[PDB]
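A single chain comes next, written as structure tokens; it is the form solved without this ligand.
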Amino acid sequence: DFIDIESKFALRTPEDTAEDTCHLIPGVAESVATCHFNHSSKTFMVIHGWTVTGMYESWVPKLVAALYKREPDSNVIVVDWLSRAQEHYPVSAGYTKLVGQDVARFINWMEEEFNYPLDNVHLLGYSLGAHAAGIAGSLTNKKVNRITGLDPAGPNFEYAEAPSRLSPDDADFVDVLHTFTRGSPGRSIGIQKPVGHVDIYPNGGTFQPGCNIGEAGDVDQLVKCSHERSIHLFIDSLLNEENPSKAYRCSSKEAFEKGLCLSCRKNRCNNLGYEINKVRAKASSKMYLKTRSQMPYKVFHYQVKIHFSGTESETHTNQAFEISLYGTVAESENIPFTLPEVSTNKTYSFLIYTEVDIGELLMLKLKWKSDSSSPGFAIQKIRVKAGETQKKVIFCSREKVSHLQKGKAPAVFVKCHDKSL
């Protein structure tokens, strides 16, 4: 009890996920036994962020419960720094140093008093919590196993140096979800710069689908929807063990949105969340994916290439298109997309994604919508690359050309070739 420490440490259970009923008191070895900590299993420490009320947000029981669903024999410790998290932001932000030191002292104690291995410890920090977890990891005696950053706080950390924020050095492996990076650098809620071994940017990281006008547990969901989404993506990963979501390394979000970055070669793709591969790349990563607005979340990515052919030489502008995918398992009809321009004997590539698990592709229908004359091209083949199944597929018209005529019958193509990579 050279252990004054302000932070509290609750060990929750699969049957008691909401309350902090049992505390691990550092400097009191008998508490660990009281609380039934399992010395033979891995340990998650959940570190909350800023809280305008004095209280835990409603995501905390959800994350605890998901971790215990996925890992029913594990230890899930919830760190309580609610008091310091209830200050004005720059104060609470400053306190990430002390909460981190508290957590490191606690972990270092569990190591000295019980020879509990630090390579069995996964820290999960949300918001300010992510940086508290980073700092803790930087003060453990041996390096902790994994840190997971769920939208690390941006203001006062964006331009901070590694000792003062989450950074790749802080654990053997650091994975970060950036979900609310909208804003100018240093004034974004979520941090913009990559601070992990692997940094994933769902929907390019700036804002999340389903966060504009909603039905919205928590004091003000509507404002922090995109921020909190990082946690619900991780949760969703814990509940979909054998069905994860790929994210794809890419030079930029703009490039990703053109469908230039599907591809799973040499760790060019990874899984979002718990099932991630611990690559530890030579420097950075930066990975992208699309997602749905509500749970299951996972989406399927395809790149589509269309060469628009004709003898006559026209251009068109901001033209609107529906594409329909038919596979062995399911279909999704009438997927909208638009093209900046459509000119003769040119080829346009583009990203399609869909919530629907299609199965293997069989047929593909294309509709040229008239705009909210008499123009059409001949299309013989359409090429599609599928991200999740690393397959290139070619479709060709049942007849020698399918005529695509604006505001008329959709052009039909059937699969004529397959390839893997």
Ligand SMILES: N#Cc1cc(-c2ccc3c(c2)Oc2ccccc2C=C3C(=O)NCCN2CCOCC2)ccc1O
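Throughout, we count residues from 1 along the sequence that is shown.
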Indicate whether the chain is continuous between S372 and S373 or, if not, how many deposited residues are absent from the coordinates: none, 1 to 3, 4 to 9, or 10 or more.
-> 4 to 9
Per the entry, how many deposited residues between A216 and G217 lack coordinates? The answer is 4 to 9
Comparing 217-225 with 176-184, which stretch shows the greater average C-alpha B-factor in the deposited entry?
-> 217-225
Using the B-factors recorded in the PDB entry, average over the C-alpha atoms of 116-124 and of 314-322, then report which stretch comes out higher.
-> 314-322
At the C-alpha atoms, which of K346, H131, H301, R146 reaches the highest B-factor in this entry?
-> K346
Of the residues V76, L289, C250, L272, the one carrying the largest Cα B-factor as recorded = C250
Comparing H307 with the other modelled residues of its chain, is its CA B-factor in the lowest, middle or highest third?
-> highest
Would you mind checking where the Cα B-factor of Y353 ranks among the modelled residues of its chain, as the lowest, middle or highest third?
-> lowest
Based on the entry's values, in what third of the chain does the Cα temperature factor of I107 lie: lowest, middle or highest?
-> middle
When the modelled residues of the chain are sorted by Cα temperature factor, does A409 land in the lowest, middle or highest third?
-> highest
Is the Cα B-factor recorded for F37 in the lowest, middle or highest third of its chain?
-> middle
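As for the form deposited with this ligand bound, it is not shown, yet the points below apply to it.
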Looking at 87-95, 196-204, 326-334, 138-146, which one sits within 4.5 Å of this ligand in the entry with it bound if you count heavy atoms only?
-> 87-95
Closest heavy atom of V223 to this ligand in the entry with it bound, within 4.5 Å or not?
-> yes
Just to confirm, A171 within 4.5 Å of this ligand in the entry with it bound by heavy atoms?
-> no
In the entry with it bound, does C264 have a heavy atom within 4.5 Å of this ligand?
-> no
Heavy atom of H227 within 4.5 Å of this ligand in the entry with it bound | yes
If you check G183, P155, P209, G259 against this ligand in the entry with it bound, which one has a heavy atom within 4.5 Å?
-> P155
In the entry with it bound, which of the listed residues (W50, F44, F395, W368) lies with a heavy atom within 4.5 Å of this ligand?
-> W50
